[PDB]
Structure formats: structure tokens, C-alpha cells
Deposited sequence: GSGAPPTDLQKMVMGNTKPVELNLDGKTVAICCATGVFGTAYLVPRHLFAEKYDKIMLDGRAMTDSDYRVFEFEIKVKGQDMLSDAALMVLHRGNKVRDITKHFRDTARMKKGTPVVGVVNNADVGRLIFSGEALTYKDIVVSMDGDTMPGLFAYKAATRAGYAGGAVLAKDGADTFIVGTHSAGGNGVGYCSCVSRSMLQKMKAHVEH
């Protein structure tokens, strides 16, 4: 139920330069025309970006970054919010995110993907370590799972007890493990406010 709903908000992204696709990823709509995307990819410039087959230039949207204070050096989240000036509004799924949740090691984890490489697909694995999103792994959550380059931006769902919620978006992974960038509910509503 939650997976299908999220999948409906997930769109394929293709980033282009010199008329060549230099990278692909997923965009997870969270509300209005705002999408969570991989910051490492969107921190760069592109001649063009395709969202669900729609051609756009950077003048068709704005990207926001989240920074969280931590011991000595503050963390810049790999989860960014791309807000389009125009477009069909997605389902508001901000309520499916959390502010305090705890995931035990070995508990089920599900990734929601929709990209040009594999189309619409779900990857499942398990929490690699115990995790507390906290109202030493600031903003990050690791898991065992078979992931590919391009799954970044896709939503990761976990279990806060018998409760399933959206932890954040896949950032990277390889050889059986990966991690996502945690996005708290207050973070989204706060940025939404901005």
C-alpha cells in the first residue's frame, strides 16, 4: 500500500550535457511540484534534465539543500528538494515521513525505484545496523540490498516497529550494501514552508 503510493510519486530523471546522458536517477515527489533528489547529482550543472520524459532546463526549477548541525562539522544532506515552477502536482506524502523512529538491525527495508535503466522496481533488504533517526550516523541509514547506480533519489521505507514509514532517499551503495539520506518530517514541512 505504502510502496504503491510512493511509486506513484516516483519519476525517472536523466541529466544531460553535450546532448549526452551523463547520469540518471529517481525523483521522489513529496508534495505539490517538489521532489526529493540526490544532492550529489543536482549540485552540478546540466544543459538539460528530463523528469518523467519532460525536457527541462535549470530555469524550470529550484533546488534547496538541508544542512544539519553536528559535532564540529555540520552535515549537508545528500537529499535535496527540487521544486518545479510548473507541472502536475504529486500526492502530498509528507505525513509518511517521521521525526522519531528506531530501526533494529536486520529489520526489513524497501527501496522504491523508477528510472530509465530498470523502469519501475522495488529493492528489498534489511537494516545493516540499529538506527535511531534522532528528532552517530547523522542523516544516514545503512542497509544490505542489491542496488545499482541510478537508484539514487528513490525512497527507502523502513519499519519503526510494526509501522512502515519513509526514511529518506537512497544515496549510494555497491556490492550488497547501501545507505539513504534521512529526511525528517519536520525537515520537509520546514523546507515546504520556505
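> I have the full deposited sequence and the modelled structure. Can you tell me which residue ranges, counted from 1, have no C-alpha coordinates?
In the chain as deposited, 1-7, 143-147, 207-209 carry no coordinates.
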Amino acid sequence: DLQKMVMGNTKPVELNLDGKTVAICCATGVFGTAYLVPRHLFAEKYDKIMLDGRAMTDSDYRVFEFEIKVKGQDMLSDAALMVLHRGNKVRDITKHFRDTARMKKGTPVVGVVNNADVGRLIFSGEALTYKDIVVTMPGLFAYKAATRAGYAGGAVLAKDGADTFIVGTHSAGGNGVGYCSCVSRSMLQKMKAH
From here on, numbers count along this sequence of modelled residues.
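> Between 111-119 and 67-75, point out the one with the higher average CA B-factor as the PDB entry records it.
Result of the comparison: 67-75.
> Should the higher mean CA B-factor in the entry be assigned to 99-107 or to 80-88?
Higher mean C-alpha B-factor in the PDB entry: 99-107.
> So among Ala152, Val135, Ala146, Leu41, who wins on Cα B-factor in the entry?
That would be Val135, according to the entry.
> Name the third of the chain's ranked CA B-factors that contains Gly29, choosing lowest, middle or highest.
Ranked within chain, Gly29 CA B lands in the lowest tercile.
> If you rank every modelled residue in this chain by C-alpha B factor, which third holds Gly19: lowest, middle or highest?
Tercile = highest for this residue's CA B-factor.
> When the deposited Cα B-factors of this chain's modelled residues are ordered and cut into thirds, is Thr129 in the lowest, the middle or the highest one?
It falls in the middle third of the chain.
> Please place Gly139 in the lowest, middle or highest third of its chain according to the CA B-factor in the PDB entry.
Highest third - that is where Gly139 ends up once the chain's C-alpha B-factors are sorted.
> What third of the chain does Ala162 rank in for C-alpha temperature factor, lowest, middle or highest?
Its C-alpha B-factor, which the entry lists for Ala162, ranks in the highest third among residues of this chain.
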